[PDB]
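Worksheet for the structure shown next.
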């Protein structure tokens, strides 16, 4: 358990992630959930997606210098949700104006002309569900697309195309 | 009326199962969950396990002439749960004295001397978790080994050896 | 084979018992008998008792959500023995360590400051005789006080005094 | 700011308990608390209760054969909490289904027709506030009546009426 029914999340110890060092904490009942993409390479197997998460964190830790991978959760097309900063550590993912008031979830890969498979979309929503259930996400949580809050191309034309569908998407 | 953060399941319409011919139902809160293996080939990709599902369902349908895949849910080493007969229909999985009062989930593989991967064990636990939230299983469901309800090595020595540690395993 | 009759037990059928869902079994011969009371309200007629018998059961299956009334037999001031889980299925009456190895007869009522009418005593002391002849009980079974194996006042204070008198009472 | 600030519990070695013999560990945060009552004699002086506490202990330890006073914490009408088997050791107080996912606090006495003094009602609540501040009790724990999970009158018809009023009582 991770208390309630938390839609199968892969713990850090499992994708061989480097120890975090982030100390800033999210004031908890979070309201917004910004959705993005990594614009990087994608993976369709648990093995390649654990090697892929690794690739993203190392770039964030070793190269850019941050305390840990900046997303709170990474979603692979292997239908699995990878753990990042978790439901409590404020993540660096949408800018200073949004990082402390929202959870950040990123779909691994670049979705300009490519749509993520149903299992990712499913894994994603299922991850939000265990969010409310946990008491980290207000049942009245609002999902904004990365574009919506920053001058950016992500989460890809196609991936942004679908998030507009979600019962919680917002203007 | 009552859905608390269930979990994510791969729909038959995705692993392309055949049409179910079963029309017999399980009476709702179900009290027992029987765990078993298929003593078949494992698979560690959403792709491969979309076939292993079929292999199992067709063997059951085409060769034993059953109305559908035997178990209510199949579980892959890929870390995803495959929908079998689901929470509503009675599956054929552990003798006539046990089939009408239990949910039968089965890890796809011959776990005689092979422990299933963490993500798989995680998949199953979470599945039963959804079970409760959804309301199909009692809050006090009782996970029982296959070999506990009838004469077989199933669900494999090492897999059985592992489920006895589960919070809901019983006598 | 020796018309072993002592059968004069009201059968589940007769007191309108809800169908049991219990399936684990004792092993005959069974060596111990734990005597408890229900600390509940007493009845003294085949009518008012098949009433209480139904009540004690709804409390065990409807409230505590158990697979059936927890005792193996219920004695009534009406002088009759009411079938509970019976001689073969293991009840839920004295805890993890005794439940597996013992039958649990319980007197319907609260014997903290009353002595069960002779009918009840005769009824029970006779019920044991049955267990013996049929084989359910070791010819030399040992009787225990509910409070003997669990922190409680059961089987009542004066009723407790009385059983310590029985031939088969053990330490 | 926010330091331990736990209320105060009488240590084991102050009321003289025998050495504990238990090794089974609770897994914390624990989310359920089951409120029981010894159903025995009350006390109202740090002297009489410290005595009463060991009575209860010998009974569970030498009589029943158990490894230590069944409960995790005993509440005295003297306004003081007596350390039972503590915050992290599995107790024997509500059968095999709850003993491992709950903490067991018992009010020394019998409240079937006697309301516990306010001090008592404040010592037990203060203890709970403590258990949350120490991360022993999940922040959103639920209080259950001993009788809501097992067949018994415990904690007492009036004490039971008292706790249902509680902000965490959730049957």
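Protein chains in written order, with the entry's author numbering: chain B, 1 to 171; chain A, 1 to 171; chain C, 1 to 171; chain D, 1 to 171. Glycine is no exception: its CB is placed at the ideal position from the N, C-alpha and C atoms.
Check, Outcome
"Within-8 Å CB hit, residue 149/D to chain C", "yes"
"Residue span of the alpha helix (DSSP H) that contains residue 146/A, given as start and end", "146–149"
"CB contact flag (residue 186/D, residue 141/D, <8 Å)", "The structure shown has nothing for residue 186/D, since chain D only spans 1 to 171."
"Contact set for residue 103/D: own chain, Cβ-Cβ below 6 Å, skip 5 residues either direction", "30, 33 and 72"
"Any C-beta of chain D under 8 Å from that of residue 64/C", "yes"
"Contact between the region 75–91 of chain D and the region 116–125 of chain D (3+ Cβ pairs under 8 Å)", "yes"
"Near-chain A residues of the region 65–85 of chain B (beta-carbon distance less than 7 Å), N- to C-terminal order", "78, 79 and 80"
"Whole runs of the alpha helix (DSSP H) within the region 89–153 of chain D, excluding any shorter than 4 residues", "95–98, 118–133 and 146–149"
"Beta carbon proximity, residue 4/B to chain A, threshold 8 Å", "yes"
"Neighbour-count burial assignment, residue 148/A, 16 or more Cβ in a 10 Å radius", "buried"
"Where residue 173/A meets chain C, residues with beta-carbon distance less than 7 Å", "Chain A is shown only over 1 to 171; residue 173/A falls outside these bounds and no answer can be derived."
"Where residue 55/A meets chain B, residues with beta-carbon distance less than 7 Å", "Within chain B, no residue comes near residue 55/A; the closest Cβ sits about 19 Å away, beyond 7 Å."
"Which listed residue (69/C, 54/C and 52/C) has its alpha carbon closest to that of residue 60/C", "69/C"
"Segment contact, 8 Å Cβ cut-off, at least three pairs: the region 11–29 of chain A with the region 47–56 of chain A", "yes"
"Per-residue contacts from residue 101/A into chain C (C-beta, under 7 Å)", "21"
"Classification of residue 85/B by the beta-carbon crowding that lies within 10 angstroms, buried from 16 upward", "buried"
"Residues bridged to residue 9/B (per DSSP)", "81/B"
"C-alpha distance - residue 145/B paired with residue 81/B, whole-angstrom precision", "18 Å"
"Any C-beta of chain A under 8 Å from that of residue 135/B", "no"
"Proximal residues of chain A, C-beta to C-beta of residue 173/B below 7 Å", "Summary: the structure shown does not reach residue 173/B, with chain B confined to residues 1 through 171, and so no result is reported for it."
"Euclidean distance between Cα positions of residue 116/D and residue 115/A", "53 Å"
"Candidates 10/A, 164/A and 160/A, of which the one nearest residue 47/A by Cα", "10/A"
"Short CB-CB distance (under 8 Å) between residue 49/A and chain B", "no"
"Alpha carbon of residue 164/D to alpha carbon of residue 125/A, nearest angstrom", "32 Å"
"Endpoints, the alpha helix (DSSP H) within which residue 71/A is located", "Careful: residue 71/A lies outside any alpha helix (DSSP H) and carries neither H nor E."
"Residue span of the beta strand (DSSP E) that contains residue 61/D, given as start and end", "Element bounds for residue 61/D: n/a, residue is neither H nor E."
"Closest by C-alpha distance to residue 171/A, when choosing among 97/C, 158/C and 156/C", "97/C"
"Beta-carbon neighbours of residue 60/D, restricted to chain C and to distances below 8 Å", "151"
"CA-to-CA distance, residue 169/D to residue 109/C, given in whole angstroms", "29 Å"
"Cβ-Cβ separation, residue 150/C to residue 65/C (assumed contact under 8 Å), whole Å", "Contact doesn't hold; Cβ gap of about 20 Å is too wide."
"Residues within the region 26–41 of chain A neighbouring chain C, beta-carbon criterion of under 7 Å", "31"
"Outcome for residue 58/A when other beta-carbon atoms lying within 10 angstroms are tallied against a minimum of 16", "exposed"
"Residue range of the unbroken alpha helix (DSSP H) whose run includes residue 160/D", "157–163"
"Helix, strand or coil at residue 167/C [DSSP, three-state]", "coil"
"Three-state secondary structure (DSSP) of residue 36/C", "strand"
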